[PDB]
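We begin with a single chain expressed as structure tokens, specifically the form deposited without this ligand.
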């Protein structure tokens, strides 16, 4: 689609020139729909000083379907599984999800960054991590720092 191509050119321009703080997103090679991203661990979170790489695949029906995004860097988190799958509303279409075409790549990467600082334990992909987050926060923070040290630094 040329509608899709023109939109991706604009988004890549905006990601290059006005990236959200802590976030970078780029073309892996020469295809505007095969992207990579990076989110820095937030300050005052157990992921601080980690650098987290993500894969960002733009489906054929974008912007009417959401970007398909998974962590490539392992992360210890209630809403992200061991393969990097992310449970987040803006990465899914209605009725269950929140994606709409007025969101964009920068918007959902910012939502993922926020998810990292503020887990949603009521909708987990990792039930044991979620219970630990809810009921033994000091142990969750220590495990999340150690996982960051081992895999993201």
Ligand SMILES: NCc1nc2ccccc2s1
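Positions refer to the first chain, counted from 1.
The protein also exists as the form solved in complex with this ligand; that form is not presented, and the subsequent description refers to it.
Proximity of residue 121 to this ligand in the bound PDB entry falls outside the 4.5 Å heavy atom cutoff. The closest heavy atom approach of residue 42 to this ligand in the bound PDB entry falls outside 4.5 Å. Using a 4.5 Å cutoff between non-hydrogen atoms, residue 84 counts as a contact of this ligand in the bound PDB entry. Residues of 55-76 that come within 4.5 Å of this ligand in the bound PDB entry, judged by any heavy atom, are 71, 72, 73, 74, 75 in sequence order.
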